[PDB]
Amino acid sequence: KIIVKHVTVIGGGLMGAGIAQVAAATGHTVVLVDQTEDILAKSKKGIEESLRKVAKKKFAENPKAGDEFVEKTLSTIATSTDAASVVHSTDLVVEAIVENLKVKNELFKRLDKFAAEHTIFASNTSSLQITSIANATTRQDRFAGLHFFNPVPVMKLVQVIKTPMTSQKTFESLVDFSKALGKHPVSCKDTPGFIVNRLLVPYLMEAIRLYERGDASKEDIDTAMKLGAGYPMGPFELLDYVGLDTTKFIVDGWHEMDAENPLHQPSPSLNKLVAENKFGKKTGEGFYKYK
């Protein structure tokens, strides 16, 4: 029954940076890992802009206390491009890299050799089966799903996924950690997309199809969902906010593992965008061009 104090987040993108930000802000020492130094520089820079927004709103009467919160938080986030060494003595690895089983397995198979024994492994995968990733190691009793929601600083939900192999203690540690993060942990079964994505993705793909089918425009479909269903963001807005590349990988994956389910039919428009390197707010352009 370990207590997560030292955390290693592999992946500094939309999710990693946020998970690192929250772990840091809530008193956990964090080491954010990524491929290059420029990437890490950008990530930590972004985490800073996110903290300032929080500061400028939370500490308007005492700005000096706001700078401390920001500095103290950024300070509790170390950067490194060497997962192998960092995990040597970490309490928990939270993998948030490209949505691709092969890559993720290769990653954990390696880290399984370098990481300490009490170390807990966790994937933030959207559509991959935890069991499938946990078996790329020999640490399945310490491997589980730990799913966050974009933007991590705002979304309160966290999905804690056990595999038939995950231990109760591993589970509890991830549950306590989740809480110490100020989130609302929810145990799910290891089913594709778990809960949210299994329902949310096919929907977003349906919005894309309704657009390709020529029945309406993205703008009207977005206004529709926001003003009619009360959603915070329209379908096309959310897609660009999540990342078209991540979205596409989630679908191709499901498509491949169930090629006769029309829900997961890849999209021509989605593939074209990702093929031209337009992934949304990520690259400044997706379905909508951003400033």
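Numbers follow the displayed sequence, beginning with 1.
**Q** Test of understanding: from the entry's C-alpha B-factors, which stretch has the higher mean, 13 to 21 or 275 to 283?
**A** Higher mean C-alpha B-factor: 275 to 283.
**Q** In the PDB record, does 40 to 48 or 53 to 61 carry the higher mean Cα temperature factor?
**A** Result: 53 to 61.
**Q** Out of 75, 217, 127, 166, whose C-alpha atom has the biggest B factor in the entry?
**A** The C-alpha B-factor peaks, among 75, 217, 127, 166, at 75.
**Q** Based on what the PDB entry reports, which of 172, 206, 117, 95 has the top C-alpha B-factor?
**A** Comparing C-alpha B-factors across 172, 206, 117, 95, the maximum falls on 117.
**Q** Select lowest, middle or highest to describe the third in which the CA B-factor of residue 185 falls within its chain in this entry.
**A** Tercile = highest for this residue's CA B-factor.
**Q** Could you look up the Cα B-factor of residue 26 in the entry and say which third of the chain it sits in: lowest, middle or highest?
**A** Middle third by C-alpha B-factor.
**Q** Using the B-factors in the PDB entry, rank residue 266's C-alpha atom against the chain and give the third, lowest, middle or highest.
**A** Within its chain, residue 266 is a middle-third residue by C-alpha B-factor, going by the deposited values.
**Q** Relative to the other modelled residues of the same chain, rank the CA B-factor of residue 67 and answer lowest, middle or highest third.
**A** For residue 67, the deposited C-alpha B-factor lands in the highest third.
**Q** Give the position of residue 240 by CA B-factor within its chain, expressed as the lowest, middle or highest third.
**A** Lowest third - that is where residue 240 ends up once the chain's C-alpha B-factors are sorted.
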